[PDB]
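As a starting point, one isolated chain is supplied in structure tokens, in the form deposited in one PDB entry.
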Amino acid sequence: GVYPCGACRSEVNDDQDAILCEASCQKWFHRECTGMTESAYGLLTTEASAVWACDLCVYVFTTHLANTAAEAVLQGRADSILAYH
């Protein structure tokens, strides 16, 4: 991989789930280093309007917000994660 993970500092390879901090620092992170669920990653990364912000740093989601929003979506309590911005 070209980029190192914002959290653990090890390389991000193409076969690992990874998310870019587009809110600001523009660093790539392994999904598993952030604590983001597989569910949130799937929903966040497909949603063109949403961006992710790392713990140090168009609708912005932190990990915990993305996690909480996806749980609500999947329980049928919200229409998309954008509702949680």
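Residues carry their position along the shown sequence, with the first being 1.
Note that the form deposited with a partner chain bound isn't included here; everything after this is about it.
- Contact with its partner chain in the deposited bound form, defined as a heavy atom within 4.5 Å, is made by none of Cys57, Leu65 and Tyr84.
- Contact between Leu74 and its partner chain in the deposited bound form is not found at the 4.5 Å heavy atom cutoff.
- Though the partner is left out of this view, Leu20 does reach within 4.5 Å of its partner chain in the deposited bound form, counting heavy atoms only.
- By the criterion of a heavy atom within 4.5 Å, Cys33 is excluded from the residues contacting its partner chain in the deposited bound form.
- By the criterion of a heavy atom within 4.5 Å, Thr45 is counted among the residues contacting its partner chain in the deposited bound form.
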